[PDB]
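Residue numbers (my numbering), protein chains in the order written: chain G, 1 to 340; chain V, 1001 to 1216; chain H, 2001 to 2057; chain W, 3001 to 3230; chain Z, 4001 to 4258. We treat Cβ as the ideally placed atom computed from N, Cα and C, and that holds for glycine. Here the structure is laid out as structure tokens; the discussion comes afterwards.
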Amino acid sequence: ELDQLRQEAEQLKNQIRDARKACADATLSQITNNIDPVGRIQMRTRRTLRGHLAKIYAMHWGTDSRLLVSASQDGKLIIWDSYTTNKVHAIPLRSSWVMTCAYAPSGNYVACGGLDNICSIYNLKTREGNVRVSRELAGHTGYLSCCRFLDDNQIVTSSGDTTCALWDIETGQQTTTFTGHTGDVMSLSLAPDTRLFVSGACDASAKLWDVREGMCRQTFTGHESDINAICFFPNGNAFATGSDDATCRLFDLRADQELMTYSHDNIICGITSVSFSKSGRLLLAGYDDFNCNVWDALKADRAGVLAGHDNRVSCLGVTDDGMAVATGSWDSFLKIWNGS
Amino acid sequence: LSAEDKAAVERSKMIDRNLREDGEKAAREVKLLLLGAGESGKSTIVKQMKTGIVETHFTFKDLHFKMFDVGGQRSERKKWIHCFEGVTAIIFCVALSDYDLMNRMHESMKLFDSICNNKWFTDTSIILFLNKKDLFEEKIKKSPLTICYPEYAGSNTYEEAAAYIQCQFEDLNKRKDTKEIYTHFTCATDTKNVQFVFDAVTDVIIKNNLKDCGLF
Amino acid sequence: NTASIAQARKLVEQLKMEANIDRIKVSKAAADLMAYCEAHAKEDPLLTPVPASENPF
Amino acid sequence: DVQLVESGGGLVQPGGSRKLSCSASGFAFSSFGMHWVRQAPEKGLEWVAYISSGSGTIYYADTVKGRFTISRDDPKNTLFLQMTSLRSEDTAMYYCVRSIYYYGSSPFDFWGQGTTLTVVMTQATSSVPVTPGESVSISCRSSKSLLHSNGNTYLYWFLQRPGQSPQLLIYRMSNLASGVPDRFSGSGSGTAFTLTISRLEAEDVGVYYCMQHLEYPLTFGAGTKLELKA
Amino acid sequence: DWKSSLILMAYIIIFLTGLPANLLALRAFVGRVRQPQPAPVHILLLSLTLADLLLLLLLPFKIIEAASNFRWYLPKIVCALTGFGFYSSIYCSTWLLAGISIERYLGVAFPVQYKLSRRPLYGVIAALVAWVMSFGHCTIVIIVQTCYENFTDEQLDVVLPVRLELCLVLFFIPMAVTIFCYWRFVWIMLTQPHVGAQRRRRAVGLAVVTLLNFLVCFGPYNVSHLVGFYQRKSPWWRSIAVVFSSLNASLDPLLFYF
């Protein structure tokens, strides 16, 4: 009989809920009632990116704030020059089904993955004029959905097998395996200190993990639908989460509870990108209504609307220095937005 | 523009030129999706033409075909079924001998209904391949068909039994006006299956050929 | 089977670890999040638009 | 590894014609822009011709314009340079240099061995006495402001050890080339440039050649030899 | 008179309705060519809008003529230029419509061999052939020849034959191939095995409407050319006939940009 273990599991869950309620005394909306509102924010597409022949599924910003890498279903990885719009590289891909792409912090490697269950690492600083695949990370039985670079040698990967893995480039083996997710994990984001990273799965939950020991500390709940996007706050003690349900939720690594939700009645679509700004005041959320609304992180107010896409927006990232914001949609176009 | 800046611009134009050439080749290739349920004769159909998903390429009458075997993903279907939007047709494989083995046919019907009423495939033609007909004739002579369908009223023959199964799969679509479903029976020694796929995609090519003409 | 018992035991142990960590007040966490935005507000191009002279775009 | 072997040298009578075949092996010749640089005996370097990756864009030196014709064969990975009406000043060692848009610049990273042919941007004193273990600084000057509107200064530093092909050291006067020690460094302000070396070694003896990649018309420097003290 | 009163009302309808329709269609067509994988149909359709637009740009010249019963007398240099552009726009629209019908027929009767054979270049050649044929066959007519009226009888011995020769090759042959391609296109759209009911009728109806527009509009003006050779006299109903072809300039965009 295993019902005795279930009974004590429910008691532990009740204790967790009771602890969250005790620590909750004031809503983030109430404490920020004396802050001057931002007002209205207008962003214009300074540069549009042309050259993709299929829907764009992922895009990542380099650490130099100039180089952009975009992944599409056409099977081509393109390294874009944001300032000058020219294409630095065009890496052919063995598998045309790509769901995620990563840029190394040092800029010498580019990662890609998709339905082939393989995280291909491409060497972008070859002596030759071409870019080869340095490693083909294999071992995942589920579709790759998000991969991020800890450093030039360590790369984390979230796949459709409901398990996240830490990969070693030199040996091509899983150093640590993250288990505990019932549903397949879609999106992940690394903390600024690289020691932590959150994972969002279809089980309507987000989990905090440790790189060193490969164990889960906190499980975040509150979403009524599956999680599609999740990003870390600039500070590192918080993180926002996106879901198919038209709502954005902000959690803390210390309070271990939701503070304020970002939702509207006029919106009923899904969320694909939740990337934060540099200062963390602005929350940019990509949606399925061809729109990328601007959310005030401290007030859940509508400060601006980013429109101009003819299809669903699938990727959205903020550059390292926060100067400009790039948005990629299924219309095979990437738009870089800036203020005036 | 500087000396090296102009050189970078020229490289981008050459990169764009190569990208356009590859896209023209891709636009001339027919994409097909294989969505069989529970290994319902996936091997026999694939071998008749000419690790995660399997990419199968074959050419028939100067037309290149791309077939994807995505049934081995074993994950959330709705999280990657949108990547197959715009596909020319969907090839469905259902074994006729699985009705005698929470029935296996009901599992195929549930997955068929999921993709026939899917938003991403609201106009994609479906090619239903009812394979393993050789064993169906032998099985129908020793096992009644009423096990799978309690509402069946016909006899234990084969021609009427096959029509009833085909009819059941043809009433699972709520968009019959805008989407057509093709049904075929394939045996072990059959060799005309590739022609039927070619015939099915010709109609799809017809629909999208006059779409650029401003007719639909 | 033993797999179900082991899986249930792991879930119980995992839940204990989640509740064993220290928790801070929401208001205290609210101030830290508010302070970071206020401190870095002047260096956020999205919050405060920059002139075209220093704008790379 | 990366190799660039040239052939087609020897004794050429004045007014004749000859062709140089710089064979390419170990790298993608199709995506690499190629340059021709000749070095007169006991003299410096001077740019001759350049061909882009797609052969669409080709420039030429003023002294060799029209008389010299260049071509490339991407499938055969071989670079050609046919010459017409060779003069007395055309005798030099011709090097084929592969250039690619890399790190925001076009490094002259690899230089060929060269072949024997027989028929603005000033530098400091050609001879400077140096000793191992000491720091030596080499200065440079330009007739025009090499700084561009994009904030990039186009300066290239080259090392030509005796009995060896020139090797790139610093490109864009701020980024070290691949395979070079961290001792070398560069600085400048768009008109005056200096190169600083932390610690000298027995392999640092040679002639330092400066180069500008601003306009085309890449004018090399006279050279700076660092001989060992007695 | 009553003839001038009605001829004015029809002309302004084409100008006031066609120009918003043609310009809006022009903006959509240029984007499609700029978009990746431009089909040869769009290139012909893009040239169709340009050919129609040129007719509408010279339309205000003819409204003033009907404004005050054949007034605004200007020299031959401008009248010939007005006639050259108007006739070239009418005639370029004839071949461009025939090219569209050819592409539609090739996209149904031979769909597989139409998929991996189309190139943007083929549409350019077809458009260029129509452009050179229209200008080439119109510049010979212009140099041979209120508005212009009955010339000398001796000069009419060459004005009329060159008009019917212009009408024969440059209209009937495109008309023959337009009917030839559309007849089989309409023929094989009802016996097709698997075509939707709400999509088969639309394709057949649009093809019939396009064929009707070609014959009804471009017909009477070119029919007058054949009448002139039999009855040796400048036709008196060319003013009404040319407006029918002008109706095509406004009606054609609505058939495609809708």
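Could you confirm whether any beta carbon from chain G is found closer than 8 Å to the beta carbon of residue i?
i: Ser2053(H); result: no
i: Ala2029(H); result: yes
i: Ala2003(H); result: no
i: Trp1120(V); result: no
i: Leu1033(V); result: no
Kindly indicate if chain A contains any beta-carbon less than 8 Å away from that of residue i.
i: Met1014(V); result: Chain labels in this structure do not include chain A; the protein chains are G, V, H, W and Z.
Just to confirm the assignment, what range does the beta strand (DSSP E) spanning residue i have?
i: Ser3021(W); result: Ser3017 to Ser3025
i: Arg46(G); result: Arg44 to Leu49
i: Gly3186(W); result: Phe3184 to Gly3188
i: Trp61(G); result: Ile56 to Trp61
i: residue 3232(W); result: Since the first residue shown for chain W is 3001 and the last is 3230, residue 3232(W) is missing from the structure and cannot be characterised.
i: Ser4239(Z); result: It is not in any beta strand (DSSP E) - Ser4239(Z) instead sits in the alpha helix (DSSP H) that spans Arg4238 to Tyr4257.
i: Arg135(G); result: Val133 to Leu137
i: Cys216(G); result: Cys216 to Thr221
Using CA coordinates, which residue listed in the options is at the minimum distance from residue i?
i: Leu1019(V); options: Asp74(G), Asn228(G), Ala324(G) and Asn291(G); result: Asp74(G)
i: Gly113(G); options: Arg40(G), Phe333(G), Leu77(G) and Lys125(G); result: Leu77(G)
i: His52(G); options: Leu208(G), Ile79(G) and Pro37(G); result: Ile79(G)
i: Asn1117(V); options: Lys1078(V), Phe1136(V) and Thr1186(V); result: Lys1078(V)
i: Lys1066(V); options: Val1201(V), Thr1044(V) and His1082(V); result: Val1201(V)
i: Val4169(Z); options: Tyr4257(Z), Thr4094(Z), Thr4017(Z) and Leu4081(Z); result: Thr4094(Z)
i: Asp1005(V); options: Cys3096(W), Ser3149(W) and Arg3087(W); result: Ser3149(W)
i: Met59(G); options: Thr319(G), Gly339(G) and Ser340(G); result: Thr319(G)
i: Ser1043(V); options: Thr1056(V), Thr1051(V), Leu1032(V) and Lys1031(V); result: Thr1056(V)
i: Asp3090(W); options: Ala3040(W), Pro3162(W), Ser3052(W) and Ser3053(W); result: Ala3040(W)
i: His140(G); options: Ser120(G), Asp152(G), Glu128(G) and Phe149(G); result: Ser120(G)
i: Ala3177(W); options: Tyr3103(W), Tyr3050(W) and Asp3204(W); result: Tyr3103(W)
i: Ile2021(H); options: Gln218(G), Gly242(G) and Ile336(G); result: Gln218(G)
Can you find a CB in chain V that lies within less than 8 Å of the CB of residue i?
i: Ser3106(W); result: yes
i: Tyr3216(W); result: yes
i: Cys164(G); result: no
i: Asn311(G); result: no
i: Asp116(G); result: yes
i: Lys13(G); result: no
Which class does residue i belong to by DSSP, given the choice of helix, strand or coil?
i: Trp4095(Z); result: helix
i: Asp4001(Z); result: coil
i: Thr1202(V); result: helix
i: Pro3217(W); result: coil
i: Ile4142(Z); result: helix
i: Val3037(W); result: strand
i: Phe4171(Z); result: helix
i: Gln1048(V); result: helix
i: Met323(G); result: coil
i: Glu1170(V); result: helix
i: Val156(G); result: strand
i: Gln3212(W); result: strand
i: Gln3082(W); result: strand
i: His140(G); result: coil
Is there at least one Cβ from chain W nearer than 8 Å to residue i's Cβ?
i: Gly129(G); result: yes
i: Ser1040(V); result: no
With a cut-off of 8 Å, does the C-beta of residue i fall near any C-beta of chain Z?
i: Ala1027(V); result: yes
i: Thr1202(V); result: yes
i: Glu1180(V); result: yes
i: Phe1216(V); result: yes
What residue range does the alpha helix (DSSP H) around residue i cover?
i: residue 1946(H); result: Given a span of 2001 to 2057 for chain H in the structure shown, any question on residue 1946(H) remains unanswerable.
i: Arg4163(Z); result: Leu4156 to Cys4167
i: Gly129(G); result: From DSSP, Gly129(G) is part of no alpha helix (DSSP H); its letter is neither H nor E.
i: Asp226(G); result: No alpha helix (DSSP H) contains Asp226(G), which DSSP labels as neither H nor E.
Notebook entry, point to check: Between the region 4111-4143 of chain Z and chain V, which residues of the former have CB atoms less than 7 Å from a CB of the latter, in chain order?
Noted result: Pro4111, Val4112, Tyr4114, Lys4115 and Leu4116
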